[PDB]
Amino acid sequence: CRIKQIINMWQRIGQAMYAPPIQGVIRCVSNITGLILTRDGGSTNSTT
Amino acid sequence: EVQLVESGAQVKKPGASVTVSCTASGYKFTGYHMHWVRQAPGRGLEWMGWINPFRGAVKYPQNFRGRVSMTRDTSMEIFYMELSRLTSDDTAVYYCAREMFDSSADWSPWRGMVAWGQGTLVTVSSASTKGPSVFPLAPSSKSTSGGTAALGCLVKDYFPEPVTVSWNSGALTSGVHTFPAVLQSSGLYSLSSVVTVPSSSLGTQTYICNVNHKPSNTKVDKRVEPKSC
Amino acid sequence: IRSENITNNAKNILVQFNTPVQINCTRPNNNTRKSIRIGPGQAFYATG
Amino acid sequence: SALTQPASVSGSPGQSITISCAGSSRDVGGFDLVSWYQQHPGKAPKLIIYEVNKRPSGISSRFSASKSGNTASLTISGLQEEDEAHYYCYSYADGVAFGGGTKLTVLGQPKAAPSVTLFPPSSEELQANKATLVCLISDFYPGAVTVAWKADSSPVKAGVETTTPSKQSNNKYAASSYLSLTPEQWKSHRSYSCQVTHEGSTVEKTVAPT
Ligand SMILES: *[C@@H]1O[C@H](CO)[C@@H](O[C@@H]2O[C@H](CO)[C@@H](O[C@@H]3O[C@H](CO[C@H]4O[C@H](CO)[C@@H](O)[C@H](O)[C@@H]4O)[C@@H](O)[C@H](O[C@H]4O[C@H](CO)[C@@H](O)[C@H](O)[C@@H]4O[C@@H]4O[C@H](CO)[C@@H](O)[C@H](O)[C@H]4NC(C)=O)[C@@H]3O)[C@H](O)[C@H]2NC(C)=O)[C@H](O)[C@H]1NC(C)=O
Ligand SMILES: *[C@@H]1O[C@H](CO)[C@@H](O[C@@H]2O[C@H](CO)[C@@H](O[C@@H]3O[C@H](CO[C@H]4O[C@H](CO)[C@@H](O)[C@H](O)[C@@H]4O)[C@@H](O)[C@H](O[C@H]4O[C@H](CO)[C@@H](O)[C@H](O)[C@@H]4O)[C@@H]3O)[C@H](O)[C@H]2NC(C)=O)[C@H](O)[C@H]1NC(C)=O
């Protein structure tokens, strides 16, 4: 994993947020519950 | 107006990789898909993929996948595209083009490309600067049926392209069909240009061929004269 | 498995699980935070 | 290309012509994403039709298109000289499919047999450790032929290169071919030939050393 502090989330240029740092070691745990995926293209027809 | 303005044409060695820039203007940059398309000489169009400028999502074909690297500089409004591992087959004029409507619309990005880059000619060949050797193309006594004689010259083993061919310092323009530059299997270019001259003038008119090769600096004017039998 | 349109590979595909997947994420680094005085009232939190 | 177009279409100026684009049910039949593009030679392509039958803003009412099953069709009425260009059809097939491109011209000119002529490689080249043969073809119609090479009766595909026909000052086209060899390959064979076959009519020529 990689950590960034200067953030432009929602990509809106002109305005960026700098997240301050968090003290000590960080830990968190989450239920993965869904996904967002993209397919491919025509390529070979029906092979895979 | 919008405007897709692409980078300059580039002359490159095989095996390498090459990027093309295509700078957009005149619309919401980040909201519109951008396709890249090459068109090999005389050939059809090869769709190479596309980018969504919001966070940079992409999708390439199976053929072009691996070689293509497609990006955009939302800050600068420049699209970049890089085919890599260039082969002689990767010689084409490369375009960027925008789909009809913005990304918010349905079925974008598959509608149809409207704004079109000027094309960027990328040329993949392995040959090098070589002084051309010019020889004359002499018609024959059996090659005349009706009373005319077809002649010309040949510009082969020259590199790079092109080589323009006139006639008699510009005094003979009637019946001149100069053919388009094609690559040999070796890479040294080859060409030809014809002229239809009358057979009654085969003793009374000199037919010279001006062949110029600017990079190699070997300009050979080869006179085309009858093969003495 | 829901997608507005699957024939359209471009349409993102959203997945819903019946079972959650656990994931354990850490920043395994005990972090110092310096607070820097640019004020009046303005203070910047750096990393020690 | 995954979409099949006519190679070339000839129409009399003012008439009406039609270009076909046939694909599987995967693209043309099951989708309304058929779109057509015009490209003037040596220019960027240009969109003309989409959604099977839709004109972008700036497309004359002479231009119209449609799809009939798995075969879409593009139509132009009242043709004019500005329309002499390359035309490619498009449809989405999970990726991007494309038509091979069709050439547009003027109709009403008689057919012409290929004017074929052949010469041997000069001693200016035979002494240059090279031997090259060139096959000239001009004054012909329609503009779709095939040039061959036969060393005696045995063909040699090595060094075969052929250009793109150029429509000339006489509406007839002109194209050429080339064959790379060696002076040993030149002085060893009995004869070198160029066999040109137009519309089922073969025109062949032959040369030999000295
Ligand atoms: C991230 O890293 C930071 C930095 O290391 C770390 O925080 C440190 O945590 C430790 C442990 O809590 C702190 O140590 C303290 O040291 C005090 C003495 O320090 C001197 O003396 C020792 C020798 O003993 C030397 O080695 C050292 O160099 C110094 O000279 C000591 O006072 C502290 O312990 C008492 O105080 C705390 C509360 O303040 C309490 O938690 C302790 O239990 C203890 O209190 C006493 O407990 C006993 C139980 O037996 C009880 O009987 C008695 O009543 C209590 N008395 C009192 C008065 O409360 C402590 O050990 C160190 O200073 C911290 N540093 C910093 C910069 O914060 C984080 O924990 C790390 N975090 C992570 C997530 O890793
Ligand atoms: C993504 O969403 C689209 C719709 O938004 C769905 O696409 C449909 O897909 C099917 C199959 O590809 C297409 O159905 C076929 O279309 C033929 C003609 O289409 C015309 O007529 C329809 C009205 O039915 C119009 O909506 C359309 O604009 C066209 O004018 C019909 O001839 C077909 O019926 C016959 O053929 C098929 C096999 O070819 C048989 O299964 C049938 O039983 C029958 O014999 C057929 O209906 C349909 O046109 C597409 N709709 C649209 C609006 O484009 C996708 O399915 C969806 N993706 C997913 C994964 O769900």
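Residue numbers (my numbering), protein chains in the order written: chain C, 1 to 48; chain F, 1001 to 1229; chain P, 2001 to 2048; chain G, 3001 to 3210. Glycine included, every Cβ here is placed at the ideal spot set by N, Cα and C.
With a beta-carbon spacing of about 7 Å, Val3160/G and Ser3177/G fall inside the 8 Å limit used to define contacts. With a beta-carbon spacing of about 11 Å, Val1194/F and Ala1149/F fall beyond the 8 Å limit used to define contacts.
The DSSP-derived three-state label of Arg3026/G is helix.
Annotated three-state conformation of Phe1079/F is strand, per DSSP.
Membership of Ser3035/G in the beta strand (DSSP E) is indicated by the continuous run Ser3035 to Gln3039.
Taking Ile1078/F as the centre and dropping the five residues before and after it, the same chain places the C-beta of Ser1021, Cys1022, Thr1023, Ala1024 and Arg1072 closer than 8 Å to its C-beta, in chain order. In the DSSP assignment, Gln3185/G falls outside any beta strand (DSSP E) and within the unbroken alpha helix (DSSP H) covering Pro3183 to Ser3188. At least one beta carbon of chain F lies nearer than 7 Å to the beta carbon of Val3134/G.
Interface flag for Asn2009/P against chain C is set, since a Cβ pair is found closer than 7 Å.
Only residues of its own chain outside the window of five on either side were considered, and among them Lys2011 have a CB closer than 8 Å to the CB of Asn2005/P, listed in chain order. Residues of the stretch 1043-1061 of chain F whose Cβ lies closer than 8 Å to any Cβ of chain P, in chain order: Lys1059.
Going by C-alpha positions, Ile2038/P is about 7 Å away from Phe2044/P.
Sorting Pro1139/F, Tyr1060/F, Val1093/F and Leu1045/F by C-alpha distance to the C-alpha of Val1124/F places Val1093/F at the top.
Remark: the shortest separation between the CB of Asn1052/F and any heavy atom of ligand 1 does not fall under 6 Å. Checking the 6 Å criterion, the Cβ of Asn2030/P is within range of a heavy atom belonging to ligand 1. Here the distance from the Cβ of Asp3032/G to the nearest heavy atom of ligand 2 is below 6 Å. Ranking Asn31/C, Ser43/C and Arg12/C by CA distance to the CA of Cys2025/P puts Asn31/C first.
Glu3124/G: member of the alpha helix (DSSP H) spanning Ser3123 to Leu3126, first to last residue. Against chain G, the CB of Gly41/C has a partner CB under 7 Å away; the residue lies at that interface.
Within the model, the alpha-carbon separation for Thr3162/G versus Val3203/G is close to 17 Å.
Taking CB atoms only, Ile7/C has no neighbour in chain P less than 7 Å away.
Listed along chain C, the residues sitting closer than 9 Å to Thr1074/F by beta-carbon distance are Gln11 and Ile13. A Cβ-Cβ distance of about 16 Å is found for the pair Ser3188/G and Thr3206/G, leaving them out of contact under the 8 Å criterion. For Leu1154/F, the enclosing beta strand (DSSP E) covers residues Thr1148 to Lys1156. In the DSSP assignment, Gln2022/P falls within the beta strand (DSSP E) that extends over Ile2013 to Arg2027.
With a cutoff of 7 Å on beta-carbon distance, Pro3006/G and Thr3102/G are scored as near each other. Between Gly41/C and the set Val1122/F, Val1011/F, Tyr1060/F and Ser1084/F, the nearest pair of CA atoms involves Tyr1060/F. Using beta-carbon distances, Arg2002/P does not count as an interface residue toward chain C, since no partner is under 7 Å.
Counting every other CB atom within 10 Å of its CB across the protein chains shown gives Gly3108/G a total below 16, marking it as exposed.
Boundaries of the beta strand (DSSP E) harbouring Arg1072/F: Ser1069 to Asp1073, taken from the DSSP string.
Secondary structure at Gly14/C: coil, using DSSP grouped into helix, strand and coil. CA-CA distance, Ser3035/G to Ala3144/G, rounds to 27 Å. For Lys1219/F, the nearest beta carbon of chain G is not closer than 7 Å to its own beta carbon. The beta carbon of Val1224/F lies closer than 8 Å to those of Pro1136, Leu1137, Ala1138, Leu1151, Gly1152, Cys1153, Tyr1207, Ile1208 and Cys1209 in the same chain, with the five residues before and after it left out.
Taking a beta-carbon distance threshold of 7 Å, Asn2018/P does not count as an interface residue toward chain C.
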